[PDB]
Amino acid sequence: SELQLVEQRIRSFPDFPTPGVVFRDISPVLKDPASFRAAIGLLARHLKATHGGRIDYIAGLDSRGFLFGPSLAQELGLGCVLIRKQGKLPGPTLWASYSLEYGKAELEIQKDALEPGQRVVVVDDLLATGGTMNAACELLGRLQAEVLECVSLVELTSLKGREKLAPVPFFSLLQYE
């Protein structure tokens, strides 16, 4: 199956970047053409079956979300907008600087990236605490854009990222502790 091709392309690294943390690496997905295609296809088919043609843009998150954003957008015949780490984008920007318990979620977006009312789906490689995607949703909301859903390849369920994103819908391909 398609999901199998993604399932077998996740590599785990203990104690990275800090002790006690298991890093989930999506590199083998990118390196395997069939796996990357399967991952994009699964995400696209979910979004199309869920939102139909009401999605205006895909928003990819700096930096690993950039790996999936464009391809997912292209599959849906949509454009891709950028949400970057702070200090990276030119022109007027909105900032979202969050200080959570175990890290910082600090993003930015150009003020002219979206028009009010436009509907967007956010994509990153992995959802953990949800601090990053929540910060992205805040930026989009302040542009008066509508966030239809957030999606990722990997979800760490024990970190309760889904509850944090609520009521914004979320979907992941693979779930780990």
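Numbers follow the displayed sequence, beginning with 1.
Look at the C-alpha B-factors of 135-143 and of 112-120. On average they run higher in 112-120. Between 10-18 and 149-157, it is 10-18 that carries the larger average Cα temperature factor according to the deposited entry. Looking at the C-alpha B-factors along this chain, the one for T93 belongs to the lowest third. Sort the modelled residues of the chain by CA B factor and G52 lands in the highest third. Among all modelled residues in this chain, the alpha-carbon of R45 has a temperature factor (C-alpha) in the highest third.
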